[PDB]
Each structure stands twice: as C-alpha cells, then as structure tokens.
There are 4 protein chains.
Amino acid sequence: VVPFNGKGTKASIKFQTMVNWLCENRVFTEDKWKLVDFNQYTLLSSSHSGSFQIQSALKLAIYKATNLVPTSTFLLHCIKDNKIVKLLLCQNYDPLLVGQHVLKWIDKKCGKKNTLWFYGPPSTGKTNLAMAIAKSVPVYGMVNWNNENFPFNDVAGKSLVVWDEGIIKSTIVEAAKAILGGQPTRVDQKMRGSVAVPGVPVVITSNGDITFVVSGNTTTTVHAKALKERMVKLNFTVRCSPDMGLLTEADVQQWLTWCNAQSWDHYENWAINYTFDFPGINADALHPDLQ
Amino acid sequence: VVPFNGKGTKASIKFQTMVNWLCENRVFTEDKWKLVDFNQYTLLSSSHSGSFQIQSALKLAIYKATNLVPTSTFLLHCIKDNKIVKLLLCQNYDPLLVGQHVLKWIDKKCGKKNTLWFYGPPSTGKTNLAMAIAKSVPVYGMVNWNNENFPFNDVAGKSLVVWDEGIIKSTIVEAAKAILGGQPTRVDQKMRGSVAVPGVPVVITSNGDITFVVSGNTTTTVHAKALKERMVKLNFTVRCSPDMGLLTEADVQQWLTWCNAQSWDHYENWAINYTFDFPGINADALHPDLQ
Amino acid sequence: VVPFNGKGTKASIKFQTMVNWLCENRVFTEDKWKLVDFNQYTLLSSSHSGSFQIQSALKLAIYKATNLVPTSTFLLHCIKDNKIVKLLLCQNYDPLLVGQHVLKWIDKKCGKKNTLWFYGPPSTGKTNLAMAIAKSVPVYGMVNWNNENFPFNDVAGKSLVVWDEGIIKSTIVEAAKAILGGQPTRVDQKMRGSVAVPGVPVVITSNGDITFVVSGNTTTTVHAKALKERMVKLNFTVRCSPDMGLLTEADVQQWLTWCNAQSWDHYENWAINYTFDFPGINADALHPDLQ
Amino acid sequence: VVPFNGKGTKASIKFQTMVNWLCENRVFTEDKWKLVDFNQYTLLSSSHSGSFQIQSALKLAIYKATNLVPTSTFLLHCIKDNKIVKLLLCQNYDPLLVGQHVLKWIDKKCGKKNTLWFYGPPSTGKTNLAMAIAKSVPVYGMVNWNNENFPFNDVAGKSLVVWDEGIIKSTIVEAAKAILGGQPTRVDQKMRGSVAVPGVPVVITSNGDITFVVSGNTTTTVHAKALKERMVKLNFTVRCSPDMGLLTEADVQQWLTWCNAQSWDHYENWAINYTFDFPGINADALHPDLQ
Ligand SMILES: Nc1ncnc2c1ncn2[C@@H]1O[C@H](COP(=O)(O)OP(=O)(O)NP(=O)(O)O)[C@@H](O)[C@H]1O
Ligand SMILES: Nc1ncnc2c1ncn2[C@@H]1O[C@H](COP(=O)(O)OP(=O)(O)NP(=O)(O)O)[C@@H](O)[C@H]1O
Ligand SMILES: Nc1ncnc2c1ncn2[C@@H]1O[C@H](COP(=O)(O)OP(=O)(O)NP(=O)(O)O)[C@@H](O)[C@H]1O
Ligand SMILES: Nc1ncnc2c1ncn2[C@@H]1O[C@H](COP(=O)(O)OP(=O)(O)NP(=O)(O)O)[C@@H](O)[C@H]1O
Ligand SMILES: [Mg+2]
Ligand SMILES: [Mg+2]
Ligand SMILES: [Mg+2]
Ligand SMILES: [Mg+2]
C-alpha cells in the first residue's frame with residue numbers, strides 16, 4: 001500500500017521526533033518520563049496542548065514498541081562469568097538451548113506452546129530469572145496486580161505476562177487456557193476485526209504442580225492434558241547459595257546476545273517435536289567455550 | 001452419683017432394648033434400618049408413637065455409639081496374608097507402629113495432633129486405607145459431601161471425618177486450624193455450656209502439599225508452621241498392582257486387633273515428643289512375627 | 001443379622017397387610033388408591049389415625065417396590081404376532097438381544113452404561129417403545145415435568161427416568177454426566193450417609209445428536225467422549241405405518257417373558273466389552289422361533 | 001383388583017353414610033352445608049374430630065362428584081314452553097343437535113374440540129345460557145375469579161370452566177392452548193404422576209373474534225389455526241326482549257333430558273368430522289315435535 005501523501009507542519013514533525021525519542025530511550029510511563037527528563041515534562045505540561053501530546057505520544061510509543069518492532073530487538077546488543085549461565089548450569093540445563101528457546105518464544109514463534117513454566121522447591125532461582133527477563137522487555141504485566149476475579153484484565157500493550165507463585169482455579173480455567181496457548185480473547189477479536197492478532201507470552205513460577213486444578217475444597221485432573229499441551233517445563237531442583245544477588249538487564253542481554261550468535265542447527269532439531277519437559281544437559285553436544 | 005430411683009414400665013424396657021439392639025447391630029440410619037429389618041420398621045410406622053420412637057431411638061443409639069463407648073472398642077473384635085500389612089510394608093513403613101498410632105488417634109489420646117495425612121503420587125493406596133478405616137467405625141462424614149462454603153457443617157455425632165484429595169483455602173483456614181487441631185467449635189461450647197467438647201479426628205489424603213494455603217490466585221506459606229503442629233504425615237510413594245482390590249473391614253479389624261495384642265513399649269518413647277513426620281521402618285526393630 | 005424380637009399388635013399386623021396389598025396391586029398414589037378402592041380410602045380417611053396411616057403405607061409401599069424388590073420381577077409374568085418383535089425387526093435389530101439387554105439394564109447390572117438412547121427420524125416408534133416400558137415399571141419420572149433449571153429433582157424413589165426429545169446444555173452437563181452414569185449426587189450421599197448409593201436407569205429419545213453440547217449459541221464437542229462411555233445407542237430409521245396402534249404393557253410383558261426364558265450366552269459373549277453402538281442383526285445367528 | 005380385607009367400625013360407616021348424603025344432596029361447600037343443614041353442622045363442630053370430619057367429607061364428596069361419576073348424570077333428571085329451545089330457534093340453530101353436542105362435550109368425548117364458543121353482538125343471551133349450564137354441574141370455576149397473571153391456576157376439581165367476555169393475550173396463549181385443547185399442565189402430571197390425568201370442558205363468550213391474539217399494542221394472527229382446531233363456534237346474532245328472565249337449572253335439565261331420547265344419527269355422521277362452525281337448521285330433517 002502506497003502511504004498517503006499528506007504533509008505535516010513543523011509541530012507535527014516535532015511531535016513525531018518526540019515519539020521516536022520516547023521509543024528509543026525505553027520511556028513508557030509518566031513516572032519514567034519525570035525521572036528521566038523533568039525539564040521536557042514540565043515544559044509540556046504548561047498548557048492543554050502539551051498535556052494532550054504527552055498522552056498521545058505515550059500511547060503511540062507503546063503501540064510502536066509492542067506491535068511494530070520485534071520484542072527480541074529489545075533484547076540484543078567472557079561468557080563463563082555470566083550469572084545466568086552459571087545458574088542454568090547449576091540446575092543441569094544447557095544455556096544455549098534455553099536462550100534460543102527464549103528468543104523464539106518471546107517473538108511468538110513457538111506455535112501453541114506459548115507458556116514457560118519454572119518449577120522447584122524454595123530459594124532455587126526462579127523469580128530472579130523471571131524478573132530479569134521481565135525487566136528487559138519494553139512493557140510487562142503481572143497477574144498479581146490484577147483483581148482476583150479478573151486475573152487477565154490488562155494484557156493488551158504488554159510484551160510479557162508474569163504469574164508468580166500462581167495456582168489455577170476451576171472458575172478461570174477456561175480463560176487461562178485461552179491465554180496460556182496464545183488464543184486471543186473474544187473482545188480482542190471484536191474490536192480488532194480479525195479472528196487472531198495480538199498474542200502474548202506467559203511465564204509462570206510455582207512451588208507446586210499447576211496441572212492440578214482446584215475445584216471447591218478439592219482438586220481435579222481433567223484439565224491436565226490441555227494445559228500440558230501449551231507449556232514447557234523447567235525443573236529448578238537445586239538450591240542456590242546466597243552468594244548471588246539480583247539479576248540485571250545487562251546479564252540477560254549479554255546472555256541472549258551470545259546465544260543468538262552461535263549455531264542454531266540443534267534447536268530446530270528439537271522443534272519437530274516440542275516436548276512438555278525441556279531436554280536435559282549433555283556433554284557430547286555442549287558448547288566448547290562452556291567447558 | 002447415685003442414679004435416680006425411677007421405675008420403668010413394659011414400654012420403657014422395650015424401648016431401651018430396641019435402643020440397645022440398634023447400637024449393637026451397627027445401624028444408625030433409617031435406610032439401614034429398612035434394609036436390615038423391614039418388619040420392625042413397618043410395625044413401628046403404623047402410628048404416631050412408633051414414628052416418634054424411631055427417631056428417638058436412632059438419636060439415642062447414635063449418641064451412645066459416638067459418646068459413651070470408645071471408638072477403638074468397635075474396631076477390635078496368618079497375618080502375612082493381610083493386605084494392610086503388605087501395603088504398609090511396600091511403603092517403607094512399620095505396620096505395628098502405624099496400627100498403634102491409629103488405635104491411639106481414634107480415641108483422641110494424641111493431644112493437639114488430631115489429624116492424619118496420607119501423601120503421595122497417583123494410585124499408591126490412600127483412598128483405600130482411609131475408606132476401610134472409615135467403614136470400620138460406626139459413623140463417619142466427608143468434607144466432600146458438605147457444601148463448598150461450609151466444609152465443616154456437620155461434625156457432631158461423627159466418629160471420623162474424611163477429607164479426600166482436598167486443598168486448604170485462605171477463606172476457611174481459621175476454621176480448618178481449629179477443626180484439625182481438635183479444638184471444639186464455639187457453637188458447641190455455647191450449646192453444651194462447657195469448654196470440654198471432645199472434637200473429632202480428621203484424616204486427609206492428597207496429591208500435593210496442603211501446607212501452602214491457596215489465597216487469591218497464589219499460594220502463601222505463612223500458616224505452614226501452625227498446620228505442622230496438628231498433623232502426622234505418611235508418604236505413599238511406591239505404586240501398587242492393579243489386581244489388589246477394595247480393602248475390607250475384616251482386614252482392618254484383624255490388623256488392629258493383632259497390633260493391640262502385642263507390646264506397647266516403643267510407642268510412648270516416640271510419644272514423649274511427637275514428630276510431624278512419621279518415622280520409617282527400622283531394619284532390626286521389626287517385630288519377629290513380621291521379619 | 002437376627003431381627004428384633006418385638007411383637008406387633010392387631011393394628012400393626014393389619015397395617016402391614018395393607019402395605020403388602022398396596023405393593024401387590026401396584027398402587028403408589030392417592031389418586032390411584034381412590035380409583036381402585038374408594039371404600040377403603042373413605043373408611044380410612046374418617047379420622048386422623050387413618051389419614052396418617054394412608055401416607056405411611058404409601059411411603060412404605062413405594063420404598064419396598066423401589067429398593068427391596070428387583071424391577072425385573074415387575075416386568076416378568078405366538079411371539080411372532082407381537083408388535084415389539086416386529087418393530088425391532090423392521091429396524092434390523094434382534095429382539096431377543098434387545099430384551100435381554102433391557103432386563104440387565106433395568107436392574108442396574110451394566111456398570112457405567114446406565115443410559116439407553118433412541119435416535120432416528122420422526123415417526124419411527126421411539127416414544128411408543130419407551131413410554132411402554134415406563135408404563136410397565138411401578139414408578140417412573142420424566143425430565144420434561146421438572147423445572148428447566150432443575151431437570152433432576154425427583155430421581156429418588158423412581159424405577160426409571162424418561163427424557164423425551166431432549167438436548168443437553170452446558171449448564172447442566174456436569175450433573176447430566178453423573179446421573180447418566182449411575183453415580184449419586186453429594187446431597188444423596190450426605191443424606192444417606194453411605195457414599196455407595198444406587199442410581200436410576202435413564203432412557204432418552206431425540207431427533208438429533210445429543211453428544212453436541214449447547215453452549216451459548218454454539219455446539220461444542222468437548223464432552224463427546226465421556227458421554228459415549230455411558231450410553232447405548234439404537235437407530236430407528238424405517239418409518240412406521242400410520243395405523244400402528246398404541247403399544248400396551250401386556251406386549252412388553254409377553255416379549256420380556258419370552259426373551260428371559262431363552263439362552264443367554266449370546267449376551268455375555270458380547271458383554272465383556274460394551275460398545276457405544278448396539279450390534280446389528282445377524283440372520284445366521286437369529287433365533288429359529290421368530291424366523 | 002380385589003378390595004382390601006379391612007372393614008370399618010360404626011363411626012367409619014356413619015362417616016361413609018354422611019359422605020354419600022353430601023354427594024347426593026349436592027352440598028360441596030361449608031356455606032351450603034350451613035344453609036341446608038345447620039343442625040348437623042352445629043353438632044359436628046362441637047369437637048376437633050367433627051371439624052376434621054367436615055373437611056374430609058367435603059373433599060371426598062368433591063372427588064366423587066368430579067371423578068367417579070359422569071357429569072351428564074347430574075343433568076339427566078310441553079317442550080315448546082321451554083326457554084332454551086325458543087332461544088336456540090330464534091338464533092337459527094337446531095336445539096336437538098345443540099343438546100346432544102352439550103351432552104357429549106360435558107363428558108369429554110369430543111376429542112380435541114374441548115371448547116365451546118358463543119359469539120355475537122351485545123344482549124343476545126350468552127352469559128345467560130352459559131351460566132345456567134354451570135349452575136347445573138356440581139362445581140365450576142371461572143377465569144374471571146383467578147389472578148390476571150395466572151388465569152388457569154385453579155382448575156383441578158371442577159366440572160366446567162367459564163370464560164366470560166374473554167380475550168387472549170400473547171403471554172398466556174401457550175398455556176391456554178393446553179386448557180382449550182384438553183391437555184394437562186406439567187404441574188398436574190408432576191403431582192399426579194401420569195400423562196393425561198384430567199381435562200376440563202371450557203365455555204367462552206365474547207363480543208369479538210378471539211382467534212386474534214393480542215400482542216403488545218397490536219394484534220397477531222399466527223395462532224388462529226390451532227384455536228380454530230380446538231373450538232366449536234356458534235353465532236348469537238339476534239338479541240332478546242327484556243321481558244325474558246333468568247335461565248334456571250330446571251330448563252337445562254328438561255331440555256337435555258328431552259334431547260337424550262330422540263335419536264343419535266344426525267349427530268353421529270357429524271361427529272365423524274367436526275366443523276369449526278355449528279351447522280344451522282335444516283327444515284328437510286327437523287324433529288316432528290318442534291316442526
Ligand atoms: N532482592 C534480592 N536481593 C538479593 N538477592 C536476592 C534477592 N531476591 C532473591 N535473591 C537471591 O536469589 C536466590 C534465589 O531467590 P529467588 O529467585 O527469589 O528464589 P525462588 O526460587 O523464586 N524462591 P521462592 O519464591 O521462595 O520459591 C537466593 O540466593 C537469594 O538470596
Ligand atoms: N473400586 C475399586 N475396585 C477395585 N480395586 C480398587 C478400586 N479402587 C481402588 N482399587 C485398587 O486399589 C489401588 C489403589 O487405588 P486408590 O486407593 O484409589 O489410590 P489413590 O492413591 O487414592 N489414588 P489417586 O486418587 O489417584 O491419588 C488401585 O491401584 C487398585 O488396585
Ligand atoms: N397415541 C397413538 N395412538 C396410536 N398410534 C400411535 C400413537 N402414537 C404413535 N402411534 C403410532 O406409532 C408410530 C410411532 O409414533 P411415535 O412413537 O409417536 O413416534 P416418534 O418416533 O416418537 N416420532 P417423533 O417424536 O416425531 O420423532 C406411528 O406410526 C404412529 O402412527
Ligand atoms: N340479572 C338479570 N335479571 C333479569 N334478566 C336478565 C338478567 N341477566 C340477563 N337477563 C335477561 O337475559 C337477556 C340476555 O342478557 P345476557 O345473557 O347478559 O346477554 P349477553 O349477550 O351475554 N351480554 P353482553 O354481551 O355482556 O351485553 C337480557 O336481555 C335479559 O332479558
Ligand atoms: Mg518467588
Ligand atoms: Mg485417591
Ligand atoms: Mg416422539
Ligand atoms: Mg354477556
């Protein structure tokens with residue numbers, strides 16, 4: 001489609017430049033704008049026009065970051081000292097395959113297996129890898145912030161949804177299957193006009209088996225197969241020492257950048273058959289620098 | 001206290017004999033009365049007096065069974081062929097200590113540890129050992145039968161309460177802590193005019209860990225300590241042939257009688273300080289009749 | 001169990017004789033009692049005692065008919081001229097096998113398969129063959145009489161439940177799966193206090209496929225596997241003559257009496273594995289009497 | 001069917017005699033009993049037993065009069081002077097045919113044509129003829145008495161239902177089709193336990209075409225065909241002078257008794273296939289008495 005030949009004024013060009021600046025510097029909230037540039041916010045908020053422009057530019061930046069640019073782009077751009085690879089080696093997992101799977105999963109290139117699940121016993125490194133990952137995406141949401149009766153109230157405009165120490169009830173199990181597999185909600189179909197558009201990755205950490213759905217004062221098992229069809233499970237069964245601090249965006253960015261450079265030939269070999277359980281660590285097919 | 005000098009008539013003695021028969025024949029409901037002796041039920045149901053007497057005698061027999069006679073008397077009435085012993089041996093547990101603890105627990109002689117917990121993965125023998133105990137006692141009740149919002153609605157007049165594959169919610173945890181610890185409910189305290197209401201033993205089977213209380217869409221571990229003060233845990237890990245069938249009342253009675261017949265020296269050594277987790281079988285402490 | 005040695009009076013014996021008379025003559029409602037014997041009803045209803053006795057005897061007779069005497073005895077009491085065998089032959093079915101299956105089904109001896117489904121184009125005999133078994137049993141109930149939101153109100157005390165031109169909605173599918181399989185509800189288990197409560201046979205006639213569950217304005221197939229495990233399906237294709245005539249209980253009694261006397265091996269050879277579709281006719285194995 | 005062995009005492013026999021007296025003398029309400037025999041009512045109301053017996057006898061007499069005895073028997077108890085025959089001659093109708101049709105319709109022998117409709121212009125004798133036939137039957141009801149939302153709430157136990165100056169709305173048109181066609185409501189089937197327990201004759205008088213069903217603020221015609229099927233119509237197109245007075249029970253009884261013993265041929269052919277409109281006179285075939 002040939003773009004419309006409409007020509008803008010100087011104010012429109014400056015507004016577009018400000019939107020580009022907002023998207024470039026990963027500023028997506030009013031508080032972040034105040035913390036990053038108080039001068040521009042103060043100058044803009046002196047009139048009605050600037051107040052309208054702030055909201056309009058914020059919305060446009062959200063849309064551009066979550067719809068027009070791949071999420072992995074806000075993930076990229078000597079590896080043995082990284083904390084992420086050491087953590088993934090402690091729990092006997094291959095860092096390269098996990099990184100490639102994360103790269104493919106955050107771009108909605110894994111099919112119906114839209115959910116990533118972390119499982120294991122207390123202090124084993126789970127809300128630390130999930131929340132480092134979440135802090136590197138442009139916008140992320142959480143199920144804990146939302147109301148109990150509406151756990152999926154706000155999923156549009158987000159790059160990731162985090163469910164921390166979560167359990168699935170029979171009241172919402174029908175809705176969760178829609179969001180854990182990537183199926184759009186009905187209202188998203190209605191306003192967009194198509195049958196499937198938005199999509200959103202989901203990451204879950206828990207201490208117990210979420211395949212068991214609580215019904216009343218008891219538990220059922222009839223929903224196990226459908227839930228297992230849509231998840232990839234990792235076992236964090238090795239406790240970690242308190243010698244490790246918080247995981248930061250730089251560590252995960254470096255880890256993913258290093259993973260993206262190496263050979264991908266192994267990954268699609270697994271991609272013929274996506275398994276519920278992630279493959280375990282090997283030694284014949286390990287990366288030479290990781291030894 | 002010297003009993004009152006009241007003298008009964010022929011009808012009173014007949015009614016007392018009927019109550020004794022009802023209590024001795026282990027019949028406590030109208031349906032079992034019709035099934036066992038339809039002639040007497042039909043003869044009584046011919047007038048208002050007989051209809052009143054049916055309900056009065058049923059209530060009196062229930063009270064006598066659940067309050068005046070210890071439950072362990074009903075349970076009591078070669079051993080290799082017993083399925084209970086083999087099932088408990090396959091699960092790395094000593095049948096003798098388990099039997100002694102069951103005998104002491106059903107009589108409310110364990111203190112604050114009023115709950116028995118069976119934990120383990122699918123088909124390992126748990127709704128089997130529990131519902132043969134439930135049928136070995138005069139009257140038992142289920143949390144499953146009760147309403148969702150009132151799990152502990154009916155506990156008066158019961159010798160046992162069974163919670164099958166259940167989960168503890170945060171909206172009912174306050175009543176759960178009281179009922180699983182043997183603490184009498186406030187309504188019974190008010191109605192009976194005393195603070196010495198006995199309380200009912202509880203048995204729980206589950207696939208997951210019930211010390212993680214379901215709150216909202218997450219699980220909390222704040223109560224995990226307190227619950228551990230009121231429960232004894234048994235792990236059922238090994239699985240069992242699909243050929244062994246329903247376990248029966250005769251097997252439970254024989255196992256409990258044989259357990260009671262032996263010595264009672266090792267139990268009170270453990271009873272000095274009760275442990276949350278039931279100890280496993282010992283290599284040399286096993287009874288000669290079981291080695 | 002030795003029955004209670006209590007002895008009844010003359011009035012008790014007369015009441016028991018009246019209950020037996022009510023059972024023998026298949027009188028289970030007040031209107032039928034008035035129609036059959038107005039003299040005894042008028043004599044009894046002259047005082048409070050007789051009015052109480054009427055209801056007591058009716059309840060006892062219903063209970064004895066439903067729970068203490070097998071229903072097949074009420075059905076049991078040349079064959080080429082019978083209408084039922086001709087109707088079942090027109091639809092390419094063996095009347096002997098159908099009769100034996102009906103006899104085993106009405107006594108709750110089929111396990112999980114408690115439902116009988118008649119399906120086909122209109123005017124093919126479905127209501128006729130089903131509402132003749134219903135009139136042959138002592139007491140029968142109808143799903144159509146009950147409320148729309150509560151289709152399973154009166155299922156206790158019934159020998160058969162009839163669902164005519166029925167469709168399964170998504171709101172009642174949970175209770176429908178339980179009732180069609182012969183399992184009891186929580187209320188029945190709690191009131192009886194026996195967990196093992198017998199179910200009631202169900203017969204359904206319909207013009208469409210009832211495995212498609214109505215949800216909203218759509219039909220779904222997520223329950224089509226559990227429903228087929230509980231049902232036996234017969235196809236009524238051949239249209240019937242416009243002067244077929246209303247079927248009579250005597251025809252059903254004659255057909256079932258003839259079927260019960262014949263050999264059974266051709267039934268339990270198939271009864272190891274129950275199929276969703278009823279086996280079709282076989283001229284080689286057809287009984288020589290009705291050739 | 002054999003009556004029960006039970007025989008009554010003196011009190012039971014006296015109660016049965018009192019019930020027979022109540023049924024014979026056409027006393028079916030307490031006010032009628034006080035008006036006809038105040039002495040017996042006063043002696044009965046001395047104690048609780050007589051008060052119970054009064055209600056029991058009234059209910060038994062009502063049931064006997066409305067279920068065990070044909071209605072026409074209450075109606076079958078020179079001919080020029082009769083007012084009914086003169087009125088029917090002034091309306092261009094054959095009195096013999098009307099009498100025979102009334103006799104066959106009061107006994108529920110007309111099939112689906114359970115309703116009788118009188119239509120015509122103001123003051124032409126219609127609340128007259130219809131309320132003189134209702135005075136002859138033991139017990140009758142009226143749609144006027146009942147609530148507007150539930151016009152057919154109390155129809156059990158009546159020999160006739162009168163709908164005076166009526167009109168059919170779209171809210172109840174489904175229920176009326178049951179009453180006007182003679183089919184039982186689901187409540188009657190539920191309580192009695194059968195499929196076709198009762199059926200009540202209906203008589204309707206109106207000044208307009210009742211086949212037009214009122215819907216909202218407009219009129220529909222989609223229900224006309226069924227109403228035409230379930231009804232028989234007469235045209236009272238001639239008004240009457242005010243000298244004529246009321247129509248009594250004696251006139252109706254004499255008219256119906258006279259029509260009962262003339263012939264049953266000119267009706268028998270018509271009963272082969274009923275027409276919506278009642279045939280008019282025919283001087284070719286008219287009875288010599290009134291000719
Ligand atoms: N805010 C923090 N600052 C420093 N170290 C932290 C912090 N949070 C967690 N850690 C460390 O990270 C490791 C695991 O913590 P965490 O990732 O929260 O565990 P987890 O498996 O998610 N726990 P749990 O929620 O109890 O099942 C431990 O070594 C902690 O000491
Ligand atoms: N109804 C039954 N009839 C015959 N045998 C049975 C029955 N139920 C259980 N069994 C036998 O008992 C074994 C244990 O079953 P069960 O006691 O139900 O296990 P469980 O651990 O409670 N199961 P689950 O509820 O899946 O955690 C089975 O493997 C069968 O061999
Ligand atoms: N009341 C009746 N009296 C006489 N014959 C009847 C009666 N009802 C049905 N039949 C006959 O029996 C046959 C079966 O009719 P019926 O059993 O009502 O049909 P059905 O299979 O339920 N049809 P439908 O409900 O339209 O799918 C027809 O050929 C009818 O003529
Ligand atoms: N209460 C009465 N007292 C005396 N005569 C009456 C009475 N009611 C009716 N009549 C006579 O019966 C005739 C018919 O009246 P009625 O039967 O009420 O007519 P209708 O056509 O049913 N009425 P409507 O359509 O409501 O105007 C009258 O013209 C009177 O002669
Ligand atoms: Mg955590
Ligand atoms: Mg179990
Ligand atoms: Mg039909
Ligand atoms: Mg009028």
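In each ligand, atom 1 is the first atom listed, and ligand 1 is the first ligand listed. Chain naming here is simple, since letters A, B, ... match the order of the sequence lines and numbering starts at 1 in each.
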Show me, pair by pair, the donor-acceptor contacts under 3.5 angstrom made by side chains of residues 125-137 of chain A, not counting sequence neighbours?
from: A:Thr127; atom 1: OG1; to: A:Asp164; atom 2: OD1; distance (Å): 3.3
from: A:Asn128; atom 1: ND2; to: A:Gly245; atom 2: O; distance (Å): 3.3

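Residues passing the salt bridge (charged side-chain N to carboxylate O under 4.0 Å, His left out) test with C:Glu174, sequence neighbours excluded: C:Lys177. For the side-chain contact (heavy atoms from CB on, under 4.5 Å) test, no residue two or more places apart in sequence or in another chain qualifies with D:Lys86.
In this structure, the side chain of A:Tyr119 does not engage the main chain of A:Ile204 through any donor-acceptor pair within 3.5 Å. C:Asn114 places no side-chain N or O within 3.5 Å of a backbone atom of C:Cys110 that could act as its donor or acceptor partner. The closest donor-acceptor contact from the side chain of B:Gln91 to the backbone of B:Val238 lies under 3.5 Å.
In this structure, ligand 2 sits under 4.0 Å from heavy atoms belonging to B:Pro122, B:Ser123, B:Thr124, B:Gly125, B:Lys126, B:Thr127, B:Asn128, B:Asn207, B:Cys240, B:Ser241, B:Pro242, B:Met244, B:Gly245, B:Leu246.
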